[PDB]
Amino acid sequence: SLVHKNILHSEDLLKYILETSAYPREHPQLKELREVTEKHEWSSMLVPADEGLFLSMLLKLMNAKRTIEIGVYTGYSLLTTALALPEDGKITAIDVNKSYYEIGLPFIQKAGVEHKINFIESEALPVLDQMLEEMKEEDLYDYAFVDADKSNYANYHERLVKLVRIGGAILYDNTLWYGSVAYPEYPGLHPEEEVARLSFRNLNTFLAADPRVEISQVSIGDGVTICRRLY
Amino acid sequence: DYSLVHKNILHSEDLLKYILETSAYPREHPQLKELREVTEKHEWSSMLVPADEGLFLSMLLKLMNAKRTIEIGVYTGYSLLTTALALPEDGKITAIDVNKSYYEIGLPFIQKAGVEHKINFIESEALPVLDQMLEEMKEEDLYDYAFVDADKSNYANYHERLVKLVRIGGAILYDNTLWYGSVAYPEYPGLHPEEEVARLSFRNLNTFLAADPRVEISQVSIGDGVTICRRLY
Ligand SMILES: Nc1ncnc2c1ncn2[C@@H]1O[C@H](CSCC[C@H](N)C(=O)O)[C@@H](O)[C@H]1O
Ligand SMILES: Nc1ncnc2c1ncn2[C@@H]1O[C@H](CSCC[C@H](N)C(=O)O)[C@@H](O)[C@H]1O
Ligand SMILES: [Ca+2]
Ligand SMILES: [Ca+2]
Ligand SMILES: [Ca+2]
Ligand SMILES: [Ca+2]
């Protein structure tokens, strides 16, 4: 339905970006994790390889050390994060499906960065409330990546603006939702796509008016909105 | 005379319009919006950095805590003003452009923003300025951040100077690396002869940058394509 679409004007340009600039810079275990995942039935949930390099560039430019990832799946962006962080970096990875994670776990292990990862098999919302209860100022995160159930993004935001340090970054994936967010009405979507589509329009509008953060909506992948905490 | 000026890399004008009106304009500094609306009246307004790309550059600058930057290709100063507003109050920018009169169009808005003091505008071709910067720069003065948005067929020449003028871990950004999507094909019909030279140089630069061990890169399909390079050694 929506997964067949690109935000760029042609698949030729997207493949040009992937082949010229993405794959030649892809870590060998990241390539292996993607190629196994591509044969999985839910391979459409995979974060694009060009977005992945953009994620690690942010992580290194901002010198992130402690990050949280919501929505792991087979672990492409998680492995991308663990490779970008220094060897003493630490990641809190939350996903409901442990089996999805164990698909990519051997490649995280072969990369030697499993020690940076604390995987939590849970729904994300209770974990964040739990983290709110037992965290103080020097446990705050530098970086957060939200890539899970779309209709819960606004709930994650209310908790992540407190679990991320001042000056830290929160990133929301699929904010352009295959272009469908550009219109108030959109024909012929299945109810789950329409729920997510309406949730992103409210989220994009809300985040543009949120005095707690600066934002930057980036037209990469399916849309990523970078949020930097102000206070 | 340039044919690709109005071509979008996104799939529809409405999607770009949505991004600008939802996420770009509501977060645009009033003097940045003032400068853009004046520039869009000007002849070569096509050279203006898109507003959604402006907030991306600003976001990069604050996250990486840049304090000393260099800007190659100023025009009326949209990305320059974007940089000056993002940098700390004691920040420093070296801005280079052949055209001083273009800069003076946006200089009133840079002044009303209170950030002119951070800017050292140099009216010159960039290559001679970079070559003399190489002579008199100690490793304490290396720039954190370089934005290249000038003559496209010179990007590779600038690259050899900027890998030495930017600190290790610093960022070098190349604008227009997608050239309106025309880089996706070996040949592209009906371009200005100057347009084609730029199209061929970006294809060479994109392949070269992907194999350059001195930097890690990420090509971002925002605006007309931005390639962030991070110096490794
Ligand atoms: N409520 C919830 N709590 C935690 N994880 C959830 C969740 N709802 C959905 N998810 C998970 O979020 C994932 C989204 S796909 C994420 C892709 C991954 N970031 C990559 O790099 O490819 C799915 O694996 C799903 O199991
Ligand atoms: N060789 C050269 N050295 C320095 N500047 C040059 C140059 N060749 C072209 N330029 C300048 O580079 C500019 C490119 S347009 C740059 C737009 C600007 N960065 C913005 O934010 O809108 C033009 O103004 C042109 O005068
Ligand atoms: Ca489970
Ligand atoms: Ca996603
Ligand atoms: Ca001149
Ligand atoms: Ca440009």
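Quick note on labels: first sequence line is chain A, next is B, and so on, each numbered from 1.
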_As an exercise, state the distance from CG of B:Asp212 to OG1 of B:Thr207, rounded to the nearest 0.5 Å._
12.5 Å
*Distance, nearest 0.5 Å, that separates CG of B:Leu16 from NE2 of B:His11*: 10.5 Å
*For B:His159, what residues pass the ring pair (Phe, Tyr, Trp, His ring centres under 6.0 Å) criterion, not counting sequence neighbours?*
B:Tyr174
*asked:* Closer than 3.5 angstrom, by distance alone: can the side chain of B:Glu195 be matched with the main-chain N or O of B:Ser3 as a donor-acceptor pair?
replied: yes
*Quick one: ring pair (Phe, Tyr, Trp, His ring centres under 6.0 Å) partners of B:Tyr145, sequence neighbours excluded?*
none
*Minimal non-hydrogen separation, B:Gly181 against A:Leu13, with atom names*: CA-CD2, 3.8 Å
*Heavy-atom pair with the smallest gap, counting every atom of B:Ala198 and B:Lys152*: CB-CB, 3.7 Å
*Who pairs with B:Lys33 by salt bridge (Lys or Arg N to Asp or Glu O under 4.0 Å), at least two apart in sequence or on another chain?*
B:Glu37
*Decide yes or no for B:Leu162 and B:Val148: does some side-chain heavy atom of the first lie under 4.5 Å from some side-chain heavy atom of the second?*
yes
*Under 3.5 Å, side chain of A:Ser77 to main-chain N/O of A:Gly52, donor-acceptor pair present?*
no
*Going by the salt bridge (charged side-chain N to carboxylate O under 4.0 Å, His left out) test, which pairs reach into residues 61-77 of chain A, not counting sequence neighbours?*
A:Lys65-A:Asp88
*asked:* Whether B:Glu160 and B:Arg214 form a salt bridge (side-chain N of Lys/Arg under 4.0 Å from carboxylate O of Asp/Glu) is what I want to check.
replied: yes
_Backbone N/O of B:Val49 and side chain of B:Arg36: donor-acceptor pair under 3.5 Å_ = no
*Check whether any side-chain N or O of A:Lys116 sits under 3.5 Å from a backbone N or O of A:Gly89 as a donor-acceptor pair, and report yes or no.*
no
*With B:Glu123 via salt bridge (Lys or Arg N to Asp or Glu O under 4.0 Å) - residues at least two apart*: none
_Ignoring hydrogens, what is the shortest heavy-atom contact between A:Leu230 and A:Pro211? Give both atom names and the distance._
CD1-O, 3.7 Å
*side chain to side chain contact (heavy atoms under 4.5 Å, CB included) between B:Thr82 and B:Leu32: does it pass, once the steps are laid out?*
CA-CA 7 Å; B:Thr82 293; B:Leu32 267 174; 3.4 Å; yes
*B:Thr94 and B:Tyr143: side-chain donor and acceptor closer than 3.5 Å?*
yes
_Side chain B:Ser201, main chain B:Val197, donor-acceptor under 3.5 Å_ = no
*State which residues pass ring pair (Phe, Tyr, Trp, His ring centres under 6.0 Å) with B:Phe121; sequence neighbours excluded, sorted by chain then number.*
B:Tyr103
*Could you grab the distance from atom CZ of B:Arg203 to atom OH of B:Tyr188, nearest 0.5 Å is fine?*
13.0 Å
*Should we count NZ of B:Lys7 as having more than 12 external heavy atoms under 6.0 Å?*
yes
*Can you name the residues that form a salt bridge (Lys or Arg N to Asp or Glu O under 4.0 Å) with B:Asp151, not counting sequence neighbours?*
none
*Could you tell me which residues satisfy ring pair (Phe, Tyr, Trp, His ring centres under 6.0 Å) with A:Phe200, sequence neighbours excluded, listed by chain and number?*
A:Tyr153, A:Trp177
*asked:* For the aromatic rings, using the six-membered ring if either is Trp, is the centroid distance between A:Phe54 and B:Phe56 under 6.0 Å?
replied: yes
*Rounded to the nearest 0.5 Å, what separation is found between the OG1 atom of B:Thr69 and the CG atom of B:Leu80?*
8.0 Å
_Backbone N/O of B:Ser218 and side chain of A:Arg25: donor-acceptor pair under 3.5 Å_ = no
*asked:* Within the structure provided, determine whether A:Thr81 and A:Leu55 are in side-chain contact (heavy-atom separation under 4.5 Å).
replied: no
*Quick one: pull up CG in B:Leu178 and CD in B:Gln219 and give me the separation to the nearest 0.5 Å.*
4.5 Å
*Passing candidate, side-chain contact (heavy atoms from CB on, under 4.5 Å) with B:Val220, options A:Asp50, A:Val224, A:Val218*: A:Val218
*Can you tell me if B:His192 uses its side chain to pair, donor with acceptor, with the backbone of B:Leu4 under 3.5 Å?*
no
*asked:* Atom CD of residue position B:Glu125 - does it have more than 12 heavy atoms of other residues, nucleotides or ligands inside 6.0 Å?
replied: no
*Hey, does B:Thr22 have a side-chain heavy atom less than 4.5 Å from the side chain of A:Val181?*
no
*Residue pairs passing the salt bridge (charged side-chain N to carboxylate O under 4.0 Å, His left out) test where at least one lies in residues 104-117 of chain B, sequence neighbours excluded*: B:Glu34-B:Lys112
*Which heavy atom of B:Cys229 sits nearest a heavy atom of B:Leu209, and at what distance?*
SG-CD1, 4.1 Å
*Do side-chain atoms of B:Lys62 reach the backbone of A:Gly167 as a donor and acceptor pair under 3.5 angstrom?*
no
*At what distance, to the nearest 0.5 angstrom, does CD of A:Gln29 lie from CZ of A:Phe107?*
8.0 Å
*asked:* By the side-chain hydrogen bond (donor to acceptor under 3.5 Å, both in side chains) test, which pairs, at least two apart or in different chains, include something from residues 223-233 of chain B?
replied: B:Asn176-B:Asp224, B:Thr177-B:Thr227, B:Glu216-B:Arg230
*Pairs satisfying salt bridge (charged side-chain N to carboxylate O under 4.0 Å, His left out), at least one member in residues 162-179 of chain B, at least two apart*: B:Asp144-B:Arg167
*asked:* Can you confirm whether A:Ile220 sits close enough to B:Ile222 that some side-chain heavy atom of one is under 4.5 Å from a side-chain heavy atom of the other?
replied: no
*Counting N and O atoms only, with roles assigned by atom type, does the side chain of B:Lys17 sit under 3.5 Å from a partner on the main chain of B:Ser12, one being a donor and the other an acceptor?*
no
*asked:* Looking at every heavy atom in both B:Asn206 and A:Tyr16, which two are closest together, and how far apart are they?
replied: ND2-OH, 3.1 Å
*asked:* Quick test of your reading: applying side-chain hydrogen bond (donor to acceptor under 3.5 Å, both in side chains), list the pairs with at least one residue in residues 127-141 of chain B, sequence neighbours left out, ordered by first then second residue.
replied: B:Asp131-B:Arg161
*Going through the checks in order, is the side chain to side chain contact (heavy atoms under 4.5 Å, CB included) test met by A:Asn63 and B:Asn65?*
CA-CA 10 Å; A:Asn63 197 27; B:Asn65 216 338; over 6 Å; no
_For B:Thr39 and B:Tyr78: C-alpha separation, side-chain torsions, deciding distance, then whether side chain to side chain contact (heavy atoms under 4.5 Å, CB included) applies._
CA-CA 9 Å; B:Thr39 299; B:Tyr78 187 83; over 6 Å; no
*Step by step, work out the side chain to side chain contact (heavy atoms under 4.5 Å, CB included) result for A:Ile215 and B:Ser23.*
CA-CA 8 Å; A:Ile215 65 160; B:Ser23 312; 4.2 Å; yes
_Taking every non-hydrogen atom, the tightest pair across B:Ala126 and B:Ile96_ = CA-CG2, 3.9 Å
*Please confirm whether the backbone N or O of B:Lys41 pairs with a side-chain atom of B:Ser45, one donor and one acceptor, at under 3.5 Å?*
no
